[PDB]
Amino acid sequence: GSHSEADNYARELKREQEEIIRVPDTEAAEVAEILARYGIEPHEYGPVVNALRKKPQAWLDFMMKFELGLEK
Amino acid sequence: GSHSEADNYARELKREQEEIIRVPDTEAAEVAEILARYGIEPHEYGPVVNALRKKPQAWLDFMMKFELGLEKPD
Ligand SMILES: [Cl-]
Ligand SMILES: [Cl-]
Ligand SMILES: [Zn+2]
Ligand SMILES: [Zn+2]
Ligand SMILES: [Zn+2]
Ligand SMILES: [Zn+2]
Ligand SMILES: [Zn+2]
Ligand SMILES: [Zn+2]
Ligand SMILES: [Zn+2]
Ligand SMILES: [Zn+2]
Ligand SMILES: [Zn+2]
Ligand SMILES: [Zn+2]
Ligand SMILES: [Zn+2]
Ligand SMILES: [Zn+2]
């Protein structure tokens, strides 16, 4: 049967959301490590990682785009 | 025929470095716009911009990824 472009993204969205709920500090470490790739130091990237944790839907969007390479 | 021309990556990498040299303030403003989409505030991303500016090679790869959706190979 079908494979909706909608369905693939909802499949990938669901998996990532469940990781944020079950292992949030691990997901926060994924952000830190992406930003550290560009020689940004913890004292510099820290507040961005903290800003995302406080906005779970934005944090989920950020992972979808910058960890998984996906768009809406 | 078979294709060998400098790919989208090669061309955008050329274009993106020239911007960084010629209109760095404009490329800094692009990072602010990108991180602001995810609810981040200037006092939060300001230090990240400031660090990217001091590291031209890091900054180029940042823009390739966060602006243009392209990974650095290998
Ligand atoms: Cl939110
Ligand atoms: Cl550098
Ligand atoms: Zn089928
Ligand atoms: Zn099938
Ligand atoms: Zn994941
Ligand atoms: Zn993740
Ligand atoms: Zn994960
Ligand atoms: Zn051909
Ligand atoms: Zn052709
Ligand atoms: Zn081609
Ligand atoms: Zn372009
Ligand atoms: Zn550009
Ligand atoms: Zn740019
Ligand atoms: Zn530009």
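Residues numbered from 1 in each chain as written, not as in the entry; some residues may be left out. Chains lettered and ligands numbered in written order. Heavy atoms only, no water. Residues with missing side-chain atoms left out of burial classes, pairs and counts.

Per the deposition metadata, X-ray crystallography was the technique used to determine this entry, at a resolution of 2.25 Å.

*Asks:* Quick question: what am I supposed to make of the overall build of chain B here?
*Replies:* Regarding its fold elements, chain B presents 4 helices and 0 strands. Order of helices (α) and strands (β) in chain B, N terminus to C terminus: α-α-α-α. Along the first, second and third principal axes, the C-alpha atoms of chain B reach 50 × 25 × 20 Å. If you take every contact in chain B between residues at least 6 apart in sequence, the share linking residues at least 24 apart comes to 64%. (Helix = DSSP H or I, 4+ residues; strand = E, 2+ residues; numbered from the N terminus. Contact = heavy atoms within 4.5 Å.)

*Asks:* Would you explain the coordination of the zinc ion (ligand 14) in this entry?
*Replies:* Metal coordination angles have textbook ideals: 109.5 degrees for a tetrahedral set of four donors and 90 or 180 degrees for an octahedral set of six. All names here are of chain B. Here the zinc ion (ligand 14) is held by the protein donor atoms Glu27 (OE) and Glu30 (OE), which lie 2.0 to 2.1 Å from it. Distance-wise, the zinc ion (ligand 12) is placed 3.4 Å from the zinc ion (ligand 14). Pair noted here: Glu27 and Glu30 are both in helix α2 (residues 24-37), with a separation of 3 residues, about one helical turn. (Donors = N, O, S within 2.8 Å, 3.2 Å for Na, K, Ca; no water.)

*Asks:* In this structure, what is going on with the packing of aromatic side chains? I would like to understand it.
*Replies:* Two descriptors summarise a pair of aromatic rings, namely the distance from one centre to the other and the angle between the planes of the rings. On inspection of all chains with the given rule, the structure shows 8 aromatic pairs over all chains. Look at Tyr38(A) and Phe66(B): their rings are 6.0 Å apart centre to centre, the planes differ by 75 degrees, and that puts the pair in the edge-to-face class. Here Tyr38(A) is found in the loop between α2 (24-36) and α3 (42-53), whereas its partner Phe66(B) is found in helix α4 (residues 56-66) on a different chain. This pair shows no difference in class: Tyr38(A) is buried, exactly as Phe66(B) is. By way of ring pairs, the aromatic residues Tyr38(A), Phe62(A), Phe66(A), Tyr38(B), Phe62(B) and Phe66(B) are connected into one cluster. Here the basic side chain of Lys65(B) rests over the ring of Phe66(B), its NZ or CZ set 5.5 Å away from the ring centre. (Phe/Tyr/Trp six-rings, centres within 6.5 Å; stacked < 30°, edge-to-face > 60°. Buried < 20%, exposed > 50% of the residue type's maximum accessible area, 1.4 Å probe, protein only. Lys NZ or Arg CZ within 6 Å of the ring centre and 35° of its normal.)

*Asks:* What is the right way to look at the environment of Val48(A) in this model?
*Replies:* Secondary-structure assignment places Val48(A) in helix α3. Take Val48(A): its relative accessible area is 2%, and that puts it in the buried class. Each C-alpha atom of the pair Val48(A) and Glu33(A) lies 12 Å from the other, and the pair is 15 residues apart in sequence. Excluding anything up to four places from it in sequence, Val48(A) contacts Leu35(A), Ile40(B), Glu44(B), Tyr45(B) and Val48(B).

*Asks:* Can you help me understand the interface of chain A and chain B in this one?
*Replies:* Accessible area lost upon the coming together of the parts serves often as the stated size of an interface. Taken together, the 18 residues of chain A in the interface contact 18 residues of chain B. Scanning the region where chain A abuts chain B turns up 0 salt bridges. At the level of secondary structure, the elements contributing two or more residues to the side of chain A that touches chain B comprise α2, α3 and α4 (56-67) of chain A. With 6 residues, the single largest contributor to the side of chain A that touches chain B is α3(A). Residue classes in the side of chain A that touches chain B are distributed as 12 nonpolar, 1 polar and 5 charged. (Salt bridge = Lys/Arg side-chain N within 4 Å of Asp/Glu carboxyl O. Nonpolar A, V, L, I, M, F, W, Y, C, P; charged D, E, K, R; others polar.)

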